[PDB]
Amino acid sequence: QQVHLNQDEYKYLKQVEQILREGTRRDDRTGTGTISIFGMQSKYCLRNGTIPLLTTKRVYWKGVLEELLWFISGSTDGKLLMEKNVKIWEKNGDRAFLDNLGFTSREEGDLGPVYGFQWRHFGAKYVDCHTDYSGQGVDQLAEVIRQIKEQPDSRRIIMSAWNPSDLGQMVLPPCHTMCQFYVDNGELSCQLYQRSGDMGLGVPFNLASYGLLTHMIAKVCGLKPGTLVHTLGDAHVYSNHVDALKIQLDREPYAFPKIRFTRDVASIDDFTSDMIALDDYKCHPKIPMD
């Protein structure tokens, strides 16, 4: 009999357990050991300000926060994010990595037609991360916002960052590939499709992003938040992290933190770091990954 304070996070821990029990022992792109299950789905409750930030292992909240605003802005420049102290895109963006992919012409932090570009200018001809793109390409995020307001029962509210044409000039293919929105009884829900997922690091970071993104759009559209559906393709754990994930599994999860917005917004482009408060984020002791 399993009664849990945070049922949703417990179900996540069960996902990790299930991967380790039933998962196939394949290899990585780098030749590293991986344990994988193909095709997984879990749901997280957002109903009263709740954001799915895992309490059994600390998630880089400030990384989630600054990156999402940096996504929404349509920005493809790595430096703007590093100004905010977030170094999550640093390795991919800087000189050495670019020259390895053959981007010798490219600037110091130019990431290519990555995420935010596609989100807000799909189909637009990309040149660099400084050229103004407004007016060019499809602004999906605007379209998604419009659909929610005018056609609440639409089964077509989709935002996709997967652009076959722009994959070549991309530094890193979209891991979070697309998402669909769903209005039910004044509540806004979101389903994320993530083609690849590390349960130790990547997945909990994407939960927090698309959880946050939902909350934001919910406010912009004057709706309450509903449910985050997290769907994975390759759900996996690294072979070296198995000891580390076993420590996480024995922990009883605390309640999720809550999102609070201090002011009001004109649109989705009106959000700033200082206005997204995170309340009561309690965590378990750190997990050594070395």
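In this text, rigid core is short for the largest set of C-alphas that superpose within 1.5 Å between two forms. Each residue number is its position in the shown sequence, starting from 1.
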Response to the item:
With the rigid core as the fit reference, the stretch showing the greater C-alpha departure in 4 other deposited structures of this protein, 104-112 or 208-216, is 104-112
Fill in: Outlying stretch relative to shown form, 217-225 versus 23-31 in 4 other deposited structures of this protein, C-alpha RMS (core)
23-31
Practice prompt. Select between 210-218 and 97-105 the stretch whose C-alpha atoms have the higher average B-factor in the entry.
Written response: 97-105
Worksheet, complete the sentence: When mean C-alpha B-factors in the record are compared for 13-21 and 275-283, the larger belongs to 275-283
Worksheet item: Out of 43, 26, 57, 236, which shows the largest CA B-factor listed in the entry?
Response: 26
Worksheet entry | Criterion, highest CA B-factor; candidates, 199, 161, 82, 183 | 82
Worksheet entry | Where the record places residue 37 (Cα B-factor, split into thirds across the chain) | lowest
Response to the item:
Here the Cα B-factor of residue 229, set against its chain, lands in the third termed lowest
Item to complete: Quick one: classify residue 50 as lowest, middle or highest third of the chain based on its Cα B-factor.
Response: middle
Discussion item. Considering every modelled residue of the chain and its Cα B-factor in the PDB entry, is residue 119 in the lowest, middle or highest third?
Written reply: middle
Discussion item. Is residue 140 in the lowest, middle or highest third of its chain when residues are ranked by C-alpha B-factor?
Written reply: lowest
